[PDB]
RNA sequence: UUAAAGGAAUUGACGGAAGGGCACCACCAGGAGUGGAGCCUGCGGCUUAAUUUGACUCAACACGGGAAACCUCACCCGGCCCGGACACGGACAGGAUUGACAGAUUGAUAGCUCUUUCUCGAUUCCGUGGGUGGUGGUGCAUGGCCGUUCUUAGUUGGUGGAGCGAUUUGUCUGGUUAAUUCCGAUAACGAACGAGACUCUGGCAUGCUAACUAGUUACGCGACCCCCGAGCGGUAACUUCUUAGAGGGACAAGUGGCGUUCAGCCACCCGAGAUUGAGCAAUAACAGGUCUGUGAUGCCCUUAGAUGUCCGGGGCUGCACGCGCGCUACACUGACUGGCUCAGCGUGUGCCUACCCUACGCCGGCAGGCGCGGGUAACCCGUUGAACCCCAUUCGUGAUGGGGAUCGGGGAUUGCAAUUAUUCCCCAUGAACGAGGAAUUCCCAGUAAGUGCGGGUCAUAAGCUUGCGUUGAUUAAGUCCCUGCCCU
Ligand SMILES: [Mg+2]
Ligand SMILES: [Mg+2]
Ligand SMILES: [Mg+2]
Ligand SMILES: [Mg+2]
Ligand SMILES: [Mg+2]
Ligand SMILES: [Mg+2]
Ligand SMILES: [Mg+2]
Ligand SMILES: [Mg+2]
Ligand SMILES: [Mg+2]
Ligand SMILES: [Mg+2]
Ligand SMILES: [Mg+2]
Ligand SMILES: [Mg+2]
Ligand SMILES: [Mg+2]
Ligand SMILES: [Mg+2]
Ligand SMILES: [Mg+2]
Ligand SMILES: [Mg+2]
Ligand SMILES: [Mg+2]
Ligand SMILES: [Mg+2]
Ligand SMILES: [Mg+2]
Ligand SMILES: [Mg+2]
Ligand SMILES: [Mg+2]
Ligand SMILES: [Mg+2]
Ligand SMILES: [Mg+2]
Ligand SMILES: [Zn+2]
């Protein structure tokens with residue numbers, strides 16, 4: 079009733095998740111003007127990595143569609 | 020082979036029972052009686068009010084489920100002929116062989 | 005994303021009425037789901053009389 | 002392969018009656034709606050809508066009655082054309098108080114003030130064979146306070162068992 | 001924000017086949033019962049039909065838990081927009097009458 | 001300066017004015033009690049970040065069937081989601097709109113956010129208008145419903161008189177009844193709504209209608225004892241017992257008295273009953289309560305860091321006090337142990353969306369577990385082998401073995417979780433209470449009271465409430481003194 083929910087503000091400001099990238103993304107490399115060099119890692123055959131490549135990380139590996147987790151020393 | 024006739028009200032129950040007697044007692048069938056079941060009653064007690072004001076005044080809603088059974092030993096072709104009756108909609112028919 | 009926790013398979017919250025999704029007042033177990041305020045109005049339609 | 006008791010199938014059928022009747026009076030408020038009668042036959046479940054203006058039930062090209070048949074069949078679980086509807090004409094318009102209140106609603110909506118509407122429905126009901134009628138219109142009627150406007154004509158029985166029929 | 005693409009064409013194909021849709025009030029929070037005809041339970045059906053009930057295409061009726069969706073002749077005239085994708089087939093509501 | 005002030009006279013409304021009646025929510029004569037103690041559970045006040053809220057004489061205070069571990073939950077603390085429909089318009093990403101692996105932070109394996117960078121495909125995101133939701137406020141805007149007046153008997157029109165007229169007589173001096181229910185006198189007659197009559201339950205009875213989903217007599221299979229054709233239990237006809245369809249049966253009718261021809265009261269017989277209990281219930285209100293029952297709703301507030309909706313907790317229970325409805329005792333007409341013996345309502349499974357009722361056998365001291373069977377039901381629990389009661393033993397007027405509050409330890413059941421609440425079982429701790437001032441509640445015959453069972457709540461679930469059974473009185477059949485109400 080009389081108690082109004084006011085901003086006590088210990089937590090001043092927070093923002094929503096905004097996906098930002100570069101202008102274009104080149105996953106490939108041109109060798110001999112027509113042969114493609116693969117730089118990033120594919121995903122093994124679990125009906126996920128037919129066109130999905132893995133993301134670089136310090137010690138992990140991650141698939142895009144079905145979220146396959148890989149790790150190697 | 021028995022047939023259960025279960026109706027909503029006793030007047031239409033007795034009317035469809037008298038129609039079954041009038042359509043069954045002329046053939047060569049030893050017709051057993053319409054065995055009277057005890058009347059079932061679903062008693063529901065209701066506060067009568069959405070908010071708590073006044074005395075404890077309660078609605079008492081009841082139904083009167085009336086059930087009858089008949090026994091007719093016959094081949095199964097005769098039972099399907101007897102079953103075809105222009106019947107009151109408040110009457111339910113079950114068969115058991 | 006955690007959408008559905010607290011499975012609500014029992015008790016008062018699991019009982020969702022047939023009339024207006026009311027859950028504060030009790031819902032009877034007679035093969036019936038009413039709000040006890042609309043049951044008075046609708047008993048003459050579902051087949052209950054006062055006697 | 003499933004079955005329920007006689008003490009529960011009756012109240013389930015009664016809730017089916019009330020659900021279908023009040024859903025039809027909530028969506029068929031346009032024409033003159035009186036009621037329903039459902040015949041239970043396990044080959045064909047018959048549903049008869051007794052209505053005053055059955056032209057709206059019959060629709061343009063046999064449209065609305067088959068559409069509401071599909072409305073019943075896609076929830077209540079009766080495929081292969083098990084549910085079949087039939088409309089009946091109520092020629093006695095002044096007999097059904099539900100139809101009289103349903104016609105009084107559309108006159109109270111679009112103008113056509115309360116005094117004229119009440120005397121116009123009382124003259125029609127008193128002309129249509131009825132021995133007596135009483136119309137009680139309450140609410141915010143030309144003012145902030147709720148003035149109850151009651152009109153009673155003819156003979157009316159209020160107490161006892163045969164009031165309900 | 002999108003579902004799989006089969007969802008939209010499935011619900012509009014079911015509306016194309018019948019013209020009658022029905023859902024209930026239960027939006028996913030106490031319990032998850034799926035639709036009696038399809039996979040998507042209640043919320044995707046409401047998200048698909050709110051664009052039809054808001055534009056005046058498909059009428060809405062509520063009964064006790066349930067949203068019934070109702071077809072208008074102008075509803076068919078704007079389901080011509082959906083009829084751009086298949087050939088012109090009228091469902092079993094307006095074409096024939098037994 | 002004002003368009004009224006005023007005078008008879010009618011109908012309401014009001015009175016703290018008079019008269020006549022009614023009510024066991026009023027009394028007399030009584031019964032059970034409460035108010036005394038303990039406990040359960042609401043209310044006020046305290047306390048708290050929250051202790052959600054309305055209701056406050058009958059007509060609030062075990063009421064919202066309101067019995068909360070989160071659910072219910074509407075209140076606090078912290079954290080996600082948009083279900084932002086639909087139009088125009090900004091970037092339109094040379095197609096990048098949402099979803100997440102590991103580490104940090106956080107209850108979180110919530111991508112909430114950060115380090116990191118793959119995926120989704122023109123439905124996105126933002127803005128401008130609008131829309132939805134709310135157990136947010138307003139019952140003094142309301143609908144509907146309920147309660148109260150009122151479970152008392154009171155209201156209206158047609159013809160006719162009285163008056164110019166609103167209106168009045170009808171609708172009443174008296175008698176009688178629960179009654180404006182009648183007789184009566186009559187300026188009134190025929191009449192209406194209501195009360196009765198209506199419907200249900202209970203009470204009777206038939207060689208009426210009929211039943212292997214209900215029983216009886218004989219009878220055979222067949223167990224036991226006296227042994228003397230007998231006695232008790234197990235596994236061809238008729239509805240008397242169980243159940244339900246119609247019709248009948250009770251009307252103050254027969255007699256005598258009290259009464260104006262009267263309306264009607266009293267005593268007895270025949271009878272099963274000389275009349276039982278409920279539901280519905282007039283015109284009209286309360287400025288009674290419900291927006292927290294509704295997708296019933298007007299107005300106001302918020303709407304993306306949300307009064308929307310989810311997740312994890314706490315809270316509603318929190319106690320220096322006062323009050324109400326209730327439960328248990330204060331014993332010997334009793335407590336303990338053992339034996340014996342009788343019910344009726346009604347409920348019970350694979351449900352319109354998650355679920356019981358329980359027989360048998362074994363284990364365990366117990367609450368309980370395990371395997372199997374039956375019941376969608378007059379079929380199975382179940383010939384509901386209930387409590388109270390009857391017989392015998394122990395106690396012996398001691399706060400005792402009555403009372404079992406408080407509290408410690410252990411063990412099982414449902415739940416995902418009962419700890420600042422489950423529940424039950426076993427041991428132990430053993431308080432007040434010695435029949436309760438002032439006042440106050442209910443009641444006239446299978447009635448009060450004692451006593452147990454079923455449903456509602458539920459998953460585990462009663463001391464609340466609704467109905468059912470068992471045992472089962474003392475007092476009245478009268479009045480206007482206390483209180484309340486009706487009419488002139
Ligand atoms: Mg509630
Ligand atoms: Mg109003
Ligand atoms: Mg007003
Ligand atoms: Mg009113
Ligand atoms: Mg004067
Ligand atoms: Mg008193
Ligand atoms: Mg108390
Ligand atoms: Mg207090
Ligand atoms: Mg109180
Ligand atoms: Mg109350
Ligand atoms: Mg609040
Ligand atoms: Mg609220
Ligand atoms: Mg309001
Ligand atoms: Mg005159
Ligand atoms: Mg008068
Ligand atoms: Mg019997
Ligand atoms: Mg009234
Ligand atoms: Mg709506
Ligand atoms: Mg108490
Ligand atoms: Mg108690
Ligand atoms: Mg259940
Ligand atoms: Mg303890
Ligand atoms: Mg439950
Ligand atoms: Zn409801």
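Chains as they are written, first to last, in the deposited numbering: chain Bf, 79 to 151; chain BU, 20 to 116; chain Bd, 5 to 55; chain BD, 2 to 166; chain BK, 1 to 98.
For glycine and all other residues, C-beta sits at the position ideal for the given N, C-alpha and C.
Quick check on the DSSP output: what are the complete beta strand (DSSP E) runs of length 3 or more inside the stretch 22-62 of chain BU, in order along the chain?
Those beta strand (DSSP E) runs which fall completely within the stretch 22-62 of chain BU and span 3+ residues do not exist here.
Could you tell me the alpha carbon to alpha carbon distance between residue 41/Bd and residue 47/Bd, rounded to whole angstroms?
Looking up residue 41/Bd in the third chain gives position 37. Looking up residue 47/Bd in the third chain gives position 43. Near 10 Å, if we compare the C-alpha coordinates of residue 47/Bd and residue 41/Bd.
Roughly how many angstroms lie between the CA atoms of residue 65/BK and residue 75/BD, to the nearest whole one?
Taking the fifth chain and counting its residues from 1, the one referred to as residue 65/BK is at position 65. Taking the fourth chain and counting its residues from 1, the one referred to as residue 75/BD is at position 74. Straight across, the Cα-Cα distance linking residue 65/BK with residue 75/BD is about 15 Å.
Which chain BU residues sit within Cβ distance under 9 Å of residue 54/Bd?
In the third chain, residue 54/Bd corresponds to position 50, counting from 1. Going along chain BU in sequence order, the residues near residue 54/Bd (Cβ under 9 Å) are 78, 79, 80, 81.
Quick check on DSSP: helix, strand or coil for residue 42/Bd?
Taking the third chain and counting its residues from 1, one reaches residue 42/Bd at position 38. Here residue 42/Bd sits in helix by DSSP.
Taking three-plus beta-carbon pairs below 8 Å as touching, is the stretch 29-49 of chain BD in contact with the stretch 75-85 of chain BK?
Contact between the stretch 29-49 of chain BD and the stretch 75-85 of chain BK is absent: fewer than three C-beta pairs spanning the two stretches fall below 8 Å.
Any idea which residues DSSP pairs residue 150/BD with across the strands?
Start at 1 with the first residue of the fourth chain, and residue 150/BD comes out as number 149. The partner list for residue 150/BD (beta bridge, DSSP) reads 138/BD.
Tell me, which residues are paired with residue 21/BK by DSSP?
Taking the fifth chain and counting its residues from 1, the one referred to as residue 21/BK is at position 21. Partner(s): 69/BK.
I'd like to confirm the pairing. Which residues does DSSP put opposite residue 120/Bf in its beta bridges?
Taking the first chain and counting its residues from 1, one reaches residue 120/Bf at position 42. Here residue 120/Bf is bridged, per DSSP, to 131/Bf.
Give the straight-line distance between the Cα atoms of residue 24/BK and residue 149/Bf, rounded to the nearest whole angstrom.
Here residue 24/BK refers to the residue found at position 24 of the fifth chain. Here residue 149/Bf refers to the residue found at position 71 of the first chain. About 46 Å.
Mind checking which residues open and close the alpha helix (DSSP H) that includes residue 105/BU?
Within the second chain, numbered from 1, the residue matching residue 105/BU stands at position 86. Segment: none, residue 105/BU is in no alpha helix (DSSP H) and carries neither H nor E.
Roughly how many whole angstroms lie between the Cα atoms of residue 95/BU and residue 85/BU?
Numbered from its first residue, the second chain carries residue 95/BU at position 76. Numbered from its first residue, the second chain carries residue 85/BU at position 66. Answer to the nearest angstrom: the Cα atoms are 27 Å apart.
Is any heavy atom in ligand 1 found nearer than 7 Å to the beta carbon of residue 121/BD?
Taking the fourth chain and counting its residues from 1, the one referred to as residue 121/BD is at position 120. No, the Cβ of residue 121/BD stays beyond 7 Å of every heavy atom of ligand 1.
Relative to ligand 21, is the shortest distance from any of its heavy atoms to the C-beta of residue 33/Bd smaller than 7 Å?
Walking along the third chain from the start, residue 33/Bd turns up at place 29. Ligand 21 approaches residue 33/Bd closely enough that one of its heavy atoms is under 7 Å from the residue's Cβ.
Three-state class that DSSP yields for residue 64/BU in the structure shown:
If you number the second chain from 1, residue 64/BU lands on position 45. Reduced to three states, the DSSP call for residue 64/BU is strand.
Thinking just about the alpha-carbon of each residue, which of 20/BU, 35/BU, 28/BU is nearest to the one in residue 105/BU?
Mapped onto the second chain, residue 105/BU falls at position 86. Restricting attention to 20/BU, 35/BU, 28/BU, the CA atom closest to the CA of residue 105/BU is found in 35/BU.
Report buried or exposed for residue 106/BD, applying the criterion of at least 16 other Cβ atoms within 10 angstroms of its Cβ.
By 1-based counting over the fourth chain, the position of residue 106/BD is 105. Residue 106/BD is exposed by the Cβ-count criterion.
Is residue 172/BD close to chain BK? Criterion is C-beta to C-beta, closer than 8 Å.
Since the first residue shown for chain BD is 2 and the last is 166, residue 172/BD is missing from the structure and cannot be characterised.
Should residue 97/BD be labelled buried (16 or more other beta-carbon atoms within 10 Å of its own) or exposed?
Reading the fourth chain from its first residue, position 96 is the one you call residue 97/BD. Under this definition residue 97/BD is a buried residue.
Quick check on the burial criterion: 16 or more other C-beta atoms within 10 angstroms. Buried or exposed for residue 101/BD?
Taking the first residue of the fourth chain as position 1, residue 101/BD is located at position 100. With 16 or more other Cβ atoms within 10 Å, it is buried.
Mind listing the chain BU neighbours of residue 34/Bd? Cutoff is C-beta to C-beta under 9 Å, in chain order.
Within the third chain, residue 34/Bd is the residue found at index 30, counting from 1. In chain order: 61, 63.
Are the C-beta atoms of residue 71/BD and some chain BK residue less than 8 Å apart?
Here residue 71/BD is taken as the residue at index 70 of the fourth chain, counted from 1. For residue 71/BD, at least one C-beta of chain BK is nearer than 8 Å to its own C-beta.
Exposure of residue 93/Bf, with buried meaning 16 or more beta-carbon neighbours within 10 Å
Within the first chain, residue 93/Bf is the residue found at index 15, counting from 1. Exposed, since its Cβ has fewer than 16 Cβ neighbours within 10 Å.
From residue 21/BD to residue 83/BD, what does the alpha carbon distance come to, in whole angstroms?
Counting from 1 along the fourth chain, the entry for residue 21/BD is found at position 20. Counting from 1 along the fourth chain, the entry for residue 83/BD is found at position 82. The straight-line gap from Cα to Cα measures roughly 16 Å.
Chain Bd contact for residue 30/BU (CB, 8 Å cutoff)
One-based indexing of the second chain puts residue 30/BU at position 11. Contact with chain Bd is absent for residue 30/BU, since none of that chain's Cβ atoms lies less than 8 Å from the residue's Cβ.
Which residue's Cα is closest to the Cα of residue 135/Bf: 144/Bf, 91/Bf, 118/Bf?
For the purposes of this step, residue 135/Bf is taken as the residue at position 57 of the first chain. If we check each option's Cα against that of residue 135/Bf, 118/Bf comes out closest.
Contact set for residue 48/BU: own chain, Cβ-Cβ below 8 Å, skip 5 residues either direction
Residue mapping note: residue 48/BU aligns to position 29 of the second chain, counting from 1. Non-local C-beta neighbours of residue 48/BU in its own chain, meaning closer than 8 Å and more than five positions away in sequence, comprise 91, 93, 97, ordered along the chain.
CA-to-CA distance, residue 70/BD to residue 17/BK, given in whole angstroms:
Working through the fifth chain from its first residue, we reach residue 17/BK at position 17. Working through the fourth chain from its first residue, we reach residue 70/BD at position 69. Taking the straight line from one Cα to the other gives about 15 Å.
Out of 110/BU, 76/BU, 88/BU, 62/BU, which one is the CA nearest neighbour of residue 20/BU?
Locating residue 20/BU in the second chain gives position 1, where the first residue counts as 1. Looking at the Cα atoms, 88/BU is the closest of the given residues.
From residue 94/BD to residue 51/BU, what distance separates their C-alpha atoms?
As a position in the fourth chain, residue 94/BD is number 93, starting the count at 1. As a position in the second chain, residue 51/BU is number 32, starting the count at 1. Going from the Cα of residue 94/BD to the Cα of residue 51/BU covers about 48 Å.
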